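The residues making up each chain are set out below.
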Amino acid sequence: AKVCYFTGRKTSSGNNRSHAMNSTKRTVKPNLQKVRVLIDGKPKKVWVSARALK
Amino acid sequence: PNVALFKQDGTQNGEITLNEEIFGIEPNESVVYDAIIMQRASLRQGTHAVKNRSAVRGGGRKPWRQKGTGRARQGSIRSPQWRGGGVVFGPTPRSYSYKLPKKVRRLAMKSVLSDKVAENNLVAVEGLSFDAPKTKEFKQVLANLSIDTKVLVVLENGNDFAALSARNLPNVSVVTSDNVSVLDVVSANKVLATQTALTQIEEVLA
Amino acid sequence: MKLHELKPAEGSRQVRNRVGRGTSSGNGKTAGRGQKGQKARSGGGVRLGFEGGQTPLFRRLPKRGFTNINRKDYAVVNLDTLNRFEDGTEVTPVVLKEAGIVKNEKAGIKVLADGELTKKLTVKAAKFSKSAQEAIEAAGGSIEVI
Amino acid sequence: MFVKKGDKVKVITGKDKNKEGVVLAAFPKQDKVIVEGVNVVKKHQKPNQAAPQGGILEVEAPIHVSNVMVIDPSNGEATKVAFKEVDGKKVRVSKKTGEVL
RNA sequence: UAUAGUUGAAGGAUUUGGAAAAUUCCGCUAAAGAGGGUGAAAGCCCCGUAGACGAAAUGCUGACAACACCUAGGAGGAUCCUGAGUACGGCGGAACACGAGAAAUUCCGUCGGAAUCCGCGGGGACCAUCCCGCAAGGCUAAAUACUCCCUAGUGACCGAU
């Protein structure tokens, strides 16, 4: 998904070397989860990372 | 050396003494030539440019194929041979200015002044004064002093009433005692200078 | 010397060499370059030291050495530099210098023993070659590692 | 400009030295002014409404102000006109012994 | 002070010409001999320049008024506060002149997860003594880069391919 509603994790990109550093491109998406949570008392549905779930 | 003295009519009072370490030095020559060329050739303005192949408002589409027409091969409308193409190795903006060792400057000034005194051309005047800047009197000042050729005037400091009458025929040109340069002496024949300006010169020149 | 009579110092200005202006200069039609070959295109020539194909010299022989991170080299003044401070002046690695003798004391001033001194100075520096102390105390000076 | 429509004038230059007259028309915006009997020119007029015939006519042609003085009338000579602050207008004031135009 | 302005010195004659600013006499002015124009090449014909003066209206920049806001010592050390899924570790990548290399320092993704002044970070793996600092909350003029545009200038820069 796009972002986290609470913090600002977002997708990005970096290379990927393999045993002879042939450089290509990759994607690093942040772990994300859809959960129903309270906002103003109105339960929403939104993306929250699995690192702000403690 | 020794030089005579006059005021504007009071003619031939006692003389004046000047040291031999500055005004008697049997001038070197190559220094003078080189300092003249440098000083003068430091007055340029390098502002001049020219468009070249990648700057002309042209295009990179070939005229036509590489073959077929039997014609010669061409890469771009705009290019050196075509009329209306870029230039190869045209003039760009540059600098032209450059300095010398610090000693030869002083040797040059000393040599110039010693040369001019060597032929009785420094005329030491006592003191010039004008209440108002009346141009006509200046002419009479020189007429009394018998200086008609191209001349140069050295003044002490802001006694401007003696400079505001130096927009004469260009036979004269005015300058204080802090800006005496090489050219502004070599270019002239006779030189006028008050008595205080002489000492002031003999200060800055150590 | 007057404006309209300038003369440069003789033999002090050459002329130029503009190449490729006609077969009489001697440098037209291949601009003093000869026939074909990659020495004769625009911007030809190989990099420096390259050698065709041979393994060049700098790879034919081995690497050696390292560099101590904290070496200290001094600013040696031998013995005759001292021989102008006639008799008693407290030579010092300081405003002694201040005379056009030794600027940029690298890591303190050394003193050496070449080649002959006849004075009675008093020397203060940061090291001494064993023969130098003998020369100083031979003419009867002093020393101090200060 | 220093020259008006009705103002007698001496001519200094150009084949009409010393000859005077009356300025007829004034063309500023190109600095041309025409006088009487100074710039006669022959026009091969073609048969027209005006002058049904085609006579060779004679009219005057413009002259540049650098060829025109002004006149004294109080005296009768030429003055390198200067300006004075007479009462609240700028009436031209002659040089050469103080006239008033 | 920027945007309209005002004032501003001194020449006649002669020879060639279609035409003089040209030539030859004799004069004059300059704090003004920079330049442009006029029937050919002008210090004294014209526009100007050196100077001197000038704004009803509008804008900017100062200054000092008024108002707004902000800021106090000394002595005590019983107890309290000093930025948390943060620092940091493994893993995979990037940033530092530093391509994992013996690799400190800085970030990013994932998992694991500290102490609280007798405390914590750093001084190029790591440990000990010493020394220097207090992260995980914000703001901050000047010295620097550029010129579509306006004003005034300059050029051993071009002169209809």
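Residues numbered from 1 in each chain as written, not as in the entry; some residues may be left out. Chains lettered and ligands numbered in written order. Part of a larger assembly, values for the part shown. Heavy atoms only, no water.

In its metadata, the entry names cryo-EM as the structure determination method and reports 3.49 Å as the resolution.

In the nomenclature of the PDB entry, chain C is known as 50S ribosomal protein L15 of Enterococcus faecalis.

Naming follows the PDB entry, where chain A appears as 50S ribosomal protein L28 of Enterococcus faecalis. As recorded by UniProt, the Sequence similarities (unreviewed entry) comment attached to chain A reads in full: "Belongs to the bacterial ribosomal protein bL28 family." (UniProt positions renumbered as here; feature names shortened; annotations may be inferred.)

Chemist: Before we move on, could you go through the overall build of chain C and cite the residues and values that matter?
Modeler: Helix and strand counts for chain C stand at two helices and zero strands. Dimensions of chain C along its principal axes, counting C-alpha atoms only, are 80 × 65 × 25 Å. Here chain C, with 146 residues, has 16% of them falling under the buried criterion. Expressed as a percentage of contacts within chain C between residues at least 6 apart in sequence, the contacts between residues at least 24 apart total 47%. If you sum the accessible surface of chain C, you get close to 12100 Å²; carbon and sulfur atoms cover 49% of it. Side-chain charges of chain C comprise 28 positive and 15 negative groups, with the mean position of each set lying 23 Å from the other. (Helix = DSSP H or I, 4+ residues; strand = E, 2+ residues; numbered from the N terminus. Buried < 20%, exposed > 50% of the residue type's maximum accessible area, 1.4 Å probe, protein only. Contact = heavy atoms within 4.5 Å. Areas by Shrake-Rupley, 256 points an atom, 1.4 Å probe, with all protein chains shown as cover. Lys, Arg positive; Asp, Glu negative; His and termini not counted. Charge placed at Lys NZ, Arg CZ, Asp CG, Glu CD.)

Chemist: An account of the overall build of chain A is requested, with residue identities and associated values reported.
Modeler: Check the secondary structure of chain A and you find zero helices and two strands. Over its C-alpha atoms chain A spans a radius of gyration of 16 Å, topping by over 25% the 10 Å that the globule rule assigns to 54 residues. By residue count, 13% of the 54 residues in chain A fall in the buried class. For chain A, long-range pairs separated by at least 24 residues make up 25% of all intrachain contacts whose partners lie at least 6 apart in sequence. Carbon and sulfur atoms make up 51% of the accessible area of chain A, which amounts to about 4700 Å² in all. (Rg over C-alpha atoms; globule rule 2.2 N^0.38 Å.)

Chemist: I'd like a rundown of the interface of chain C and chain B, residues and numbers included.
Modeler: Facing eight residues of chain C, the contacting portion of chain B comprises eight residues. Taking both sides of the interface into account, the surface hidden between chain C and chain B amounts to around 770 Å²; carbon and sulfur atoms contribute 65%. Contact with chain B buries surface across chain C, with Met1(C), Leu3(C) and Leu6(C) losing the most and accounting together for 60% of the total. Remark: the boundary between chain C and chain B carries zero salt bridges. Across the contact surface, chain C and chain B share zero residue pairs in polar contact. (Buried area = accessible area lost by both parts, 1.4 Å probe. Salt bridge = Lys/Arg side-chain N within 4 Å of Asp/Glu carboxyl O. Polar contact = N/O pair within 3.5 Å; in protein donor to acceptor, adjacent residues only side chain to side chain.)

Chemist: Mind laying out helix 4 (residues 135-145) of chain B, listing which residues take part and the relevant values?
Modeler: Residue and element names in this part refer to chain B. Along helix 4, the residues classified as buried are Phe-138, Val-141, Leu-142 and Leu-145. The arc that holds the buried residues of helix 4, viewed along the axis, is 90°, so those residues lie on one side. Away from the buried face of helix 4 by more than 90 degrees, exposed residues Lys-136 and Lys-139 are located. Elements that come into contact with the buried residues of helix 4 comprise strand 3 (122-125), strand 4 (151-154) and strand 6 (190-194). At the C-terminal side of helix 4, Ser-146 shows a positive phi close to 60°. (Arc of directions from axis to C-beta.)

Chemist: So what's going on with a nonpolar patch on the surface? Residues and values would help.
Modeler: Together, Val86(D), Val91(D) and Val100(D) line one region of the surface with nonpolar side chains, adding up to about 220 Å² of accessible area. Looking at the secondary structure, you find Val91(D) in the loop between strand 8 (82-83) and strand 9 (92-93). (Patch = residues over 30% accessible without salt bridge, like charges linked within 9 Å, V, L, I, M, F, W, Y side chains within 5 Å.)

Chemist: Outline the protein's contact with RNA strand E, supporting the account with residue identities and numerical values.
Modeler: Close contacts around RNA strand E come from 34 residues, with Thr135(B), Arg167(B), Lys80(D), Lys90(D) and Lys95(D) the closest. Near the protein, within 4 Å, the atoms of RNA strand E are sugar or phosphate in 68% of cases. Here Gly14(D) contributes a backbone N or O atom positioned 2.8 Å from a phosphate oxygen of RNA strand E. Across the surface near RNA strand E, the residue classes break down as nine nonpolar, eleven polar and 14 charged. (Near = heavy atom within 4 Å. Nonpolar A, V, L, I, M, F, W, Y, C, P; charged D, E, K, R; others polar.)

Chemist: So, the nonpolar core: which residues are in play, and what are the values?
Modeler: Residues and elements named next belong to chain B. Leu-18, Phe-23 and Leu-152 are the most contacted members of the largest nonpolar core, which has 20 residues in total. Within the residue set of this core, elements represented by two or more residues are helix 1 (20-23), helix 3 (102-117), strand 3, strand 4, strand 6 and helix 6 (195-204). Not counting the four nearest positions on each side in its chain, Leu-152 is found in contact with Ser-173, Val-175, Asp-184, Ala-188, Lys-190, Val-191 and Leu-192. Counting 18 residues, the second largest nonpolar core, distinct from the first, contains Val-123, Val-141, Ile-147 and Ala-163. (Core = buried A, V, L, I, M, F, W, Y, C linked by side-chain atoms within 4.5 Å.)

Chemist: Let's hear about the UniProt feature "binding site: Mg(2+)" (unreviewed entry) in chain C: which residues, and what values?
Modeler: Residues and elements named next belong to chain C. As annotated in UniProt, the feature "binding site: Mg(2+)" (unreviewed entry) corresponds to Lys-29 in the numbering used here. Here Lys-29 is to be found in the segment before helix 1 (57-60). Of the residues examined, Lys-29 reaches a relative accessible area of 73% and is grouped as exposed.

Chemist: Residues and numbers for the sheet that holds strand 3 of chain B, please.
Modeler: Residue and element names in this part refer to chain B. Strand order across the open sheet formed by four strands is 3-6-4-5, with parallel pairing between neighbours. Among the strands making up the open sheet, the edge pair consists of strand 3 and strand 5 (174-175). Relative to strand 6, strand 3 runs parallel, the two sharing four bridges. Considered in strand 6, the bridge of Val-123 is made with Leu-192. (Pairing = 2+ DSSP bridges.)

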